[PDB]
$ cat target.txt   # compact mmCIF, C-alpha atoms and all ligand atoms
# COMPACT_ATOMS: atom_id res chain seq x y z
CA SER H 1 3.64 -21.09 10.47
CA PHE H 2 4.18 -20.01 6.80
CA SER H 3 6.54 -22.63 5.31
CA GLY H 4 8.49 -23.02 2.08
CA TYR H 5 8.64 -19.32 1.21
CA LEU H 6 11.56 -17.67 -0.52
CA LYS H 7 12.54 -14.41 1.23
CA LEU H 8 12.65 -11.51 -1.24
CA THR H 9 13.16 -8.63 1.21
CA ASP H 10 13.04 -7.88 4.95
CA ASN H 11 9.22 -8.22 4.85
CA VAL H 12 8.19 -9.84 1.55
CA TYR H 13 8.13 -13.61 1.02
CA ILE H 14 6.97 -15.62 -2.00
CA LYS H 15 5.88 -19.20 -2.72
CA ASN H 16 4.49 -21.13 -5.68
CA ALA H 17 1.21 -22.11 -4.05
CA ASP H 18 -2.52 -22.14 -4.49
CA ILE H 19 -3.65 -19.39 -2.06
CA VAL H 20 -6.83 -21.40 -1.19
CA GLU H 21 -4.72 -24.43 -0.19
CA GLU H 22 -2.25 -22.17 1.59
CA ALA H 23 -5.04 -20.43 3.53
CA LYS H 24 -6.64 -23.76 4.50
CA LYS H 25 -3.27 -25.04 5.75
CA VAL H 26 -2.06 -21.92 7.59
CA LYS H 27 -5.45 -20.33 8.65
CA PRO H 28 -3.67 -16.91 8.61
CA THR H 29 -5.09 -13.95 10.52
CA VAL H 30 -5.56 -12.24 7.13
CA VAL H 31 -5.96 -13.60 3.64
CA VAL H 32 -6.12 -10.99 0.88
CA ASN H 33 -8.67 -11.32 -1.86
CA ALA H 34 -8.14 -9.90 -5.34
CA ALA H 35 -11.54 -8.21 -5.21
CA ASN H 36 -13.46 -5.98 -7.56
CA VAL H 37 -15.45 -2.93 -6.42
CA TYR H 38 -18.69 -4.91 -6.37
CA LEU H 39 -17.22 -7.82 -4.39
CA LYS H 40 -18.50 -10.12 -7.14
CA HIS H 41 -16.16 -13.07 -6.66
CA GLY H 42 -16.62 -14.71 -10.02
CA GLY H 43 -13.20 -15.81 -11.13
CA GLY H 44 -9.46 -15.65 -10.59
CA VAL H 45 -8.37 -15.63 -6.96
CA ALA H 46 -11.74 -14.23 -5.80
CA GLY H 47 -13.74 -16.96 -7.50
CA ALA H 48 -11.44 -19.59 -6.00
CA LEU H 49 -11.53 -18.16 -2.44
CA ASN H 50 -15.29 -17.76 -2.62
CA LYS H 51 -15.79 -21.34 -3.90
CA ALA H 52 -13.65 -22.61 -0.97
CA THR H 53 -16.08 -20.84 1.43
CA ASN H 54 -19.07 -22.62 -0.22
CA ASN H 55 -20.25 -19.14 -1.38
CA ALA H 56 -20.42 -17.80 2.20
CA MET H 57 -17.92 -15.08 1.15
CA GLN H 58 -20.27 -13.99 -1.64
CA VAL H 59 -23.33 -13.94 0.64
CA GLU H 60 -21.47 -11.81 3.21
CA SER H 61 -20.11 -9.59 0.43
CA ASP H 62 -23.55 -8.96 -1.08
CA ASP H 63 -24.82 -7.82 2.32
CA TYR H 64 -21.73 -5.56 2.66
CA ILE H 65 -22.39 -3.97 -0.77
CA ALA H 66 -26.12 -3.58 -0.08
CA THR H 67 -25.21 -1.59 3.06
CA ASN H 68 -22.12 0.31 1.93
CA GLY H 69 -22.08 0.49 -1.82
CA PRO H 70 -19.08 -0.42 -3.94
CA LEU H 71 -15.48 -0.09 -2.90
CA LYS H 72 -13.13 2.32 -4.66
CA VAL H 73 -10.45 0.98 -7.02
CA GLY H 74 -7.38 1.00 -4.74
CA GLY H 75 -9.57 0.50 -1.65
CA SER H 76 -10.39 -2.38 0.61
CA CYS H 77 -12.65 -3.72 3.27
CA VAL H 78 -12.19 -6.30 6.02
CA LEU H 79 -14.73 -9.08 6.08
CA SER H 80 -14.73 -12.58 7.56
CA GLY H 81 -12.12 -15.08 6.46
CA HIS H 82 -14.73 -17.88 6.83
CA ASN H 83 -12.94 -21.28 6.78
CA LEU H 84 -9.80 -19.76 5.22
CA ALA H 85 -8.56 -17.15 7.68
CA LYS H 86 -9.70 -15.02 10.64
CA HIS H 87 -10.29 -12.12 8.20
CA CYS H 88 -10.35 -11.55 4.51
CA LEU H 89 -8.99 -8.23 3.36
CA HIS H 90 -10.75 -7.60 0.04
CA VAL H 91 -8.44 -5.32 -1.90
CA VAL H 92 -9.29 -3.81 -5.28
CA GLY H 93 -6.32 -3.45 -7.54
CA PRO H 94 -6.85 -1.68 -10.89
CA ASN H 95 -8.13 -3.99 -13.61
CA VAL H 96 -6.12 -3.03 -16.71
CA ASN H 97 -8.66 -5.11 -18.82
CA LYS H 98 -11.31 -2.51 -17.69
CA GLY H 99 -8.80 0.36 -18.51
CA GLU H 100 -8.20 1.24 -14.86
CA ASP H 101 -5.21 3.36 -13.92
CA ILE H 102 -2.23 1.10 -13.08
CA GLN H 103 -1.02 3.97 -10.78
CA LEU H 104 -3.80 2.86 -8.38
CA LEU H 105 -1.83 -0.37 -7.71
CA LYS H 106 0.34 1.43 -5.11
CA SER H 107 -2.81 2.67 -3.30
CA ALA H 108 -4.18 -0.90 -3.39
CA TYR H 109 -1.01 -2.29 -1.77
CA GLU H 110 -1.08 0.44 0.91
CA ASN H 111 -4.11 -1.35 2.39
CA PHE H 112 -1.76 -4.20 3.40
CA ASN H 113 0.07 -1.86 5.80
CA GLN H 114 -2.91 -1.90 8.16
CA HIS H 115 -2.18 -5.60 8.94
CA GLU H 116 0.97 -6.93 10.57
CA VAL H 117 0.99 -10.16 8.53
CA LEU H 118 -0.94 -11.24 5.46
CA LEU H 119 -1.21 -14.12 3.02
CA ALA H 120 -1.82 -12.49 -0.39
CA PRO H 121 -1.86 -12.81 -4.12
CA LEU H 122 -0.10 -10.31 -6.42
CA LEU H 123 -2.60 -7.50 -6.90
CA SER H 124 -3.84 -6.75 -10.40
CA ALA H 125 -2.10 -9.89 -11.71
CA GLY H 126 -3.92 -12.75 -13.51
CA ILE H 127 -7.28 -11.80 -14.95
CA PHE H 128 -6.80 -8.18 -13.76
CA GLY H 129 -4.31 -7.84 -16.62
CA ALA H 130 -1.34 -6.07 -15.06
CA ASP H 131 2.26 -7.24 -15.42
CA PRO H 132 2.91 -9.46 -12.34
CA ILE H 133 6.61 -8.42 -12.36
CA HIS H 134 5.45 -4.81 -11.94
CA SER H 135 2.93 -5.88 -9.24
CA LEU H 136 5.72 -7.58 -7.26
CA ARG H 137 7.90 -4.46 -7.58
CA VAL H 138 5.06 -2.21 -6.30
CA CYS H 139 4.40 -4.70 -3.49
CA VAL H 140 8.01 -4.68 -2.27
CA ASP H 141 8.23 -0.88 -2.59
CA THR H 142 4.89 -0.22 -0.81
CA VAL H 143 4.16 -2.90 1.76
CA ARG H 144 6.09 -2.57 5.02
CA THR H 145 4.21 -5.27 6.97
CA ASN H 146 4.95 -9.01 6.54
CA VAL H 147 3.44 -10.27 3.30
CA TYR H 148 3.49 -13.89 2.17
CA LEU H 149 2.74 -13.96 -1.54
CA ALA H 150 1.19 -17.05 -3.09
CA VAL H 151 1.74 -17.32 -6.85
CA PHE H 152 -0.36 -20.08 -8.39
CA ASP H 153 1.46 -20.50 -11.71
CA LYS H 154 4.92 -22.24 -11.32
CA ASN H 155 6.19 -20.73 -14.56
CA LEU H 156 5.23 -17.21 -13.40
CA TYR H 157 6.69 -17.87 -9.91
CA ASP H 158 10.04 -18.86 -11.51
CA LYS H 159 9.97 -15.78 -13.75
CA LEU H 160 9.20 -13.51 -10.75
CA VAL H 161 12.02 -14.94 -8.62
CA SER H 162 14.59 -15.04 -11.47
CA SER H 163 13.86 -11.45 -12.52
CA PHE H 164 13.62 -9.98 -8.98
CA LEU H 165 15.92 -7.06 -8.57
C1 LIG H 201 -2.67 -16.14 14.80
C2 LIG H 201 -2.73 -17.59 14.34
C3 LIG H 201 -3.45 -17.69 13.00
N1 LIG H 201 -3.13 -18.92 12.27
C4 LIG H 201 -1.69 -19.07 12.01
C5 LIG H 201 -0.77 -18.24 12.90
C6 LIG H 201 0.64 -18.79 12.87
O1 LIG H 201 1.51 -17.98 12.11
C7 LIG H 201 -1.33 -18.21 14.33
$ encode --input "target.txt" --output "structure tokens"
Amino acid sequence: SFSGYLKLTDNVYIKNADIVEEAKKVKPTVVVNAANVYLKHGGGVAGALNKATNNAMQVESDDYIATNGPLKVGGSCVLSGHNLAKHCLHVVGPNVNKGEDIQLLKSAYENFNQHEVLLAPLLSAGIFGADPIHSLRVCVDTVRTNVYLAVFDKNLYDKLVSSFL
């Protein structure tokens, strides 16, 4: 039921869309969150997804952290998708603004391979500070399952499509 996506490869699709609106429309089995190790969904994609859940994502996340401790950079956990999806896969890409190793972006994308189909943002893009062109490249070269990428910014979406090798 994903509609309006441009096909980049055999398994990677892209659309200029607000991932919250896309999740509400599609109700995918998995929506990926651009999480941090503490699951503190303050801003960027995480802040927007959490706000769409009326903070239920944050309440669930705080209980998860209280039980399990923080995630690793490059790691993930599966939690509820609330009103957005069946599940939310919280994936921690490296935050270059915190000096985290950009080489961990491939490990972060490997989490997507545990799910046959996902709605996702570009990991480490936006407020995480990585080059979104590089994130898309790592995505296509790492993810083998079906990934539907939602890119919020039209100007960035156009740049990503027009520069895609
Ligand atoms: C598994 C269902 C979850 N919501 C959308 C799916 C259609 O691609 C069906």
$ residues_near_ligand --input "target.txt" --ligand "ligand LIG 201 (chain H)" --cutoff "9 Å" --atoms "only C-alpha atoms and all ligand atoms" --output "PyMOL selection string"
chain H and resi 1-2+25-30+85-86+117
$ atom_distance --input "target.txt" --atom1 "CA of residue 164 in chain H" --atom2 "CA of residue 147 in chain H"
16.0 Å
$ closest_residue --input "target.txt" --among "H:107, H:58, H:83, H:97" --to "residue 38 in chain H" --atoms "only C-alpha atoms"
H:58
$ closest_residue --input "target.txt" --among "H:137, H:24, H:15, H:115" --to "residue 81 in chain H" --atoms "all atoms listed in the file"
H:24
$ atom_distance --input "target.txt" --atom1 "CA of residue 60 in chain H" --atom2 "CA of residue 111 in chain H"
20.3 Å
$ residues_around --input "target.txt" --residues "range 16-23 of chain H" --least-positions-apart "4" --cutoff "8 Å" --atoms "only C-alpha atoms" --output "list in words"
residues 27, 28, 31, 45, 48, 49, 52, 84, 85, 119, 120, 121, 150, 151, 152, 153, 154 and 157 of chain H
$ closest_residue --input "target.txt" --among "H:116, H:127, H:160, H:7" --to "residue 42 in chain H" --atoms "only C-alpha atoms"
H:127
$ atom_distance --input "target.txt" --atom1 "CA of residue 35 in chain H" --atom2 "CA of residue 93 in chain H"
7.4 Å
$ residues_around --input "target.txt" --residues "residue 146 in chain H" --least-positions-apart "2" --cutoff "8 Å" --atoms "all atoms listed in the file" --output "PyMOL selection string"
chain H and resi 11-13+116-118+143-144+148
$ axis_aligned_box --input "target.txt" --around "range 99-108 of chain H" --padding-each-side "5 Å" --output "lines of an AutoDock Vina configuration file"
center_x = -4.2
center_y = 1.5
center_z = -10.9
size_x = 19.1
size_y = 14.9
size_z = 25.2
$ closest_residue --input "target.txt" --among "H:39, H:165, H:125, H:88" --to "residue 64 in chain H" --atoms "all atoms listed in the file"
H:39
$ residues_around --input "target.txt" --residues "residue 59 in chain H" --least-positions-apart "2" --cutoff "12 Å" --atoms "only C-alpha atoms" --output "PyMOL selection string"
chain H and resi 39-41+50-51+53-57+61-66+79-80+82
$ build_atoms --input "target.txt" --residues "range 79-102 of chain H" --atoms "N, CA, C and O atoms" --output "PDB file, in the coordinates of the input"
ATOM      1  N   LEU H  79     -13.566  -8.244   5.833  1.00  0.00           N
ATOM      2  CA  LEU H  79     -14.730  -9.080   6.080  1.00  0.00           C
ATOM      3  C   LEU H  79     -14.220 -10.380   6.733  1.00  0.00           C
ATOM      4  O   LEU H  79     -13.023 -10.541   7.001  1.00  0.00           O
ATOM      5  N   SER H  80     -15.116 -11.324   6.959  1.00  0.00           N
ATOM      6  CA  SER H  80     -14.730 -12.580   7.560  1.00  0.00           C
ATOM      7  C   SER H  80     -13.823 -13.367   6.618  1.00  0.00           C
ATOM      8  O   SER H  80     -13.953 -13.300   5.399  1.00  0.00           O
ATOM      9  N   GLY H  81     -12.940 -14.151   7.220  1.00  0.00           N
ATOM     10  CA  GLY H  81     -12.120 -15.080   6.460  1.00  0.00           C
ATOM     11  C   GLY H  81     -12.789 -16.434   6.325  1.00  0.00           C
ATOM     12  O   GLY H  81     -12.223 -17.337   5.720  1.00  0.00           O
ATOM     13  N   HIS H  82     -13.979 -16.627   6.955  1.00  0.00           N
ATOM     14  CA  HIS H  82     -14.730 -17.880   6.830  1.00  0.00           C
ATOM     15  C   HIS H  82     -13.854 -19.056   7.279  1.00  0.00           C
ATOM     16  O   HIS H  82     -13.242 -18.956   8.346  1.00  0.00           O
ATOM     17  N   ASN H  83     -13.760 -20.117   6.474  1.00  0.00           N
ATOM     18  CA  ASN H  83     -12.940 -21.280   6.780  1.00  0.00           C
ATOM     19  C   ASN H  83     -11.502 -21.141   6.280  1.00  0.00           C
ATOM     20  O   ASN H  83     -10.743 -22.115   6.356  1.00  0.00           O
ATOM     21  N   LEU H  84     -11.117 -19.962   5.786  1.00  0.00           N
ATOM     22  CA  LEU H  84      -9.800 -19.760   5.220  1.00  0.00           C
ATOM     23  C   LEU H  84      -8.853 -18.980   6.101  1.00  0.00           C
ATOM     24  O   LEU H  84      -7.635 -19.158   5.999  1.00  0.00           O
ATOM     25  N   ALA H  85      -9.376 -18.083   6.917  1.00  0.00           N
ATOM     26  CA  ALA H  85      -8.560 -17.150   7.680  1.00  0.00           C
ATOM     27  C   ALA H  85      -9.447 -16.513   8.740  1.00  0.00           C
ATOM     28  O   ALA H  85     -10.677 -16.646   8.663  1.00  0.00           O
ATOM     29  N   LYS H  86      -8.871 -15.760   9.705  1.00  0.00           N
ATOM     30  CA  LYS H  86      -9.700 -15.020  10.640  1.00  0.00           C
ATOM     31  C   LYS H  86     -10.471 -13.934   9.834  1.00  0.00           C
ATOM     32  O   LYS H  86     -11.710 -13.852   9.899  1.00  0.00           O
ATOM     33  N   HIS H  87      -9.736 -13.201   8.991  1.00  0.00           N
ATOM     34  CA  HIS H  87     -10.290 -12.120   8.200  1.00  0.00           C
ATOM     35  C   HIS H  87      -9.881 -12.268   6.761  1.00  0.00           C
ATOM     36  O   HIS H  87      -8.809 -12.790   6.444  1.00  0.00           O
ATOM     37  N   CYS H  88     -10.704 -11.724   5.888  1.00  0.00           N
ATOM     38  CA  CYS H  88     -10.350 -11.550   4.510  1.00  0.00           C
ATOM     39  C   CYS H  88     -10.286 -10.064   4.250  1.00  0.00           C
ATOM     40  O   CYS H  88     -11.268  -9.343   4.463  1.00  0.00           O
ATOM     41  N   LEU H  89      -9.129  -9.610   3.779  1.00  0.00           N
ATOM     42  CA  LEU H  89      -8.990  -8.230   3.360  1.00  0.00           C
ATOM     43  C   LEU H  89      -9.242  -8.191   1.863  1.00  0.00           C
ATOM     44  O   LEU H  89      -8.418  -8.689   1.083  1.00  0.00           O
ATOM     45  N   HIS H  90     -10.396  -7.693   1.456  1.00  0.00           N
ATOM     46  CA  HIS H  90     -10.750  -7.600   0.040  1.00  0.00           C
ATOM     47  C   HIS H  90     -10.136  -6.335  -0.495  1.00  0.00           C
ATOM     48  O   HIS H  90     -10.502  -5.247  -0.058  1.00  0.00           O
ATOM     49  N   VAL H  91      -9.151  -6.465  -1.368  1.00  0.00           N
ATOM     50  CA  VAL H  91      -8.440  -5.320  -1.900  1.00  0.00           C
ATOM     51  C   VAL H  91      -8.701  -5.214  -3.388  1.00  0.00           C
ATOM     52  O   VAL H  91      -8.571  -6.209  -4.095  1.00  0.00           O
ATOM     53  N   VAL H  92      -9.028  -4.019  -3.869  1.00  0.00           N
ATOM     54  CA  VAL H  92      -9.290  -3.810  -5.280  1.00  0.00           C
ATOM     55  C   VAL H  92      -8.107  -3.182  -5.960  1.00  0.00           C
ATOM     56  O   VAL H  92      -7.841  -2.002  -5.791  1.00  0.00           O
ATOM     57  N   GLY H  93      -7.357  -3.990  -6.683  1.00  0.00           N
ATOM     58  CA  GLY H  93      -6.320  -3.450  -7.540  1.00  0.00           C
ATOM     59  C   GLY H  93      -6.971  -2.987  -8.835  1.00  0.00           C
ATOM     60  O   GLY H  93      -8.066  -3.461  -9.205  1.00  0.00           O
ATOM     61  N   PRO H  94      -6.315  -2.089  -9.584  1.00  0.00           N
ATOM     62  CA  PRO H  94      -6.850  -1.680 -10.890  1.00  0.00           C
ATOM     63  C   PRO H  94      -6.878  -2.882 -11.842  1.00  0.00           C
ATOM     64  O   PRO H  94      -5.977  -3.727 -11.882  1.00  0.00           O
ATOM     65  N   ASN H  95      -7.963  -2.969 -12.598  1.00  0.00           N
ATOM     66  CA  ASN H  95      -8.130  -3.990 -13.610  1.00  0.00           C
ATOM     67  C   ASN H  95      -7.782  -3.312 -14.937  1.00  0.00           C
ATOM     68  O   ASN H  95      -8.551  -2.505 -15.461  1.00  0.00           O
ATOM     69  N   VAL H  96      -6.594  -3.617 -15.461  1.00  0.00           N
ATOM     70  CA  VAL H  96      -6.120  -3.030 -16.710  1.00  0.00           C
ATOM     71  C   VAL H  96      -7.052  -3.479 -17.875  1.00  0.00           C
ATOM     72  O   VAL H  96      -7.224  -2.715 -18.835  1.00  0.00           O
ATOM     73  N   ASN H  97      -7.700  -4.667 -17.782  1.00  0.00           N
ATOM     74  CA  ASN H  97      -8.660  -5.110 -18.820  1.00  0.00           C
ATOM     75  C   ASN H  97      -9.951  -4.265 -18.838  1.00  0.00           C
ATOM     76  O   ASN H  97     -10.704  -4.331 -19.822  1.00  0.00           O
ATOM     77  N   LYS H  98     -10.220  -3.494 -17.756  1.00  0.00           N
ATOM     78  CA  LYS H  98     -11.310  -2.510 -17.690  1.00  0.00           C
ATOM     79  C   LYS H  98     -10.737  -1.047 -17.898  1.00  0.00           C
ATOM     80  O   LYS H  98     -11.457  -0.064 -17.677  1.00  0.00           O
ATOM     81  N   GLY H  99      -9.460  -0.915 -18.277  1.00  0.00           N
ATOM     82  CA  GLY H  99      -8.800   0.360 -18.510  1.00  0.00           C
ATOM     83  C   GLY H  99      -8.492   1.185 -17.280  1.00  0.00           C
ATOM     84  O   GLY H  99      -8.266   2.404 -17.372  1.00  0.00           O
ATOM     85  N   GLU H 100      -8.471   0.531 -16.102  1.00  0.00           N
ATOM     86  CA  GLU H 100      -8.200   1.240 -14.860  1.00  0.00           C
ATOM     87  C   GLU H 100      -6.734   1.626 -14.707  1.00  0.00           C
ATOM     88  O   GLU H 100      -5.827   0.908 -15.151  1.00  0.00           O
ATOM     89  N   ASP H 101      -6.520   2.775 -14.089  1.00  0.00           N
ATOM     90  CA  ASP H 101      -5.210   3.360 -13.920  1.00  0.00           C
ATOM     91  C   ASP H 101      -4.298   2.453 -13.089  1.00  0.00           C
ATOM     92  O   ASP H 101      -4.530   2.268 -11.891  1.00  0.00           O
ATOM     93  N   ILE H 102      -3.230   1.931 -13.732  1.00  0.00           N
ATOM     94  CA  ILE H 102      -2.230   1.100 -13.080  1.00  0.00           C
ATOM     95  C   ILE H 102      -1.569   1.842 -11.907  1.00  0.00           C
ATOM     96  O   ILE H 102      -1.096   1.195 -10.983  1.00  0.00           O
TER      97      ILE H 102
END
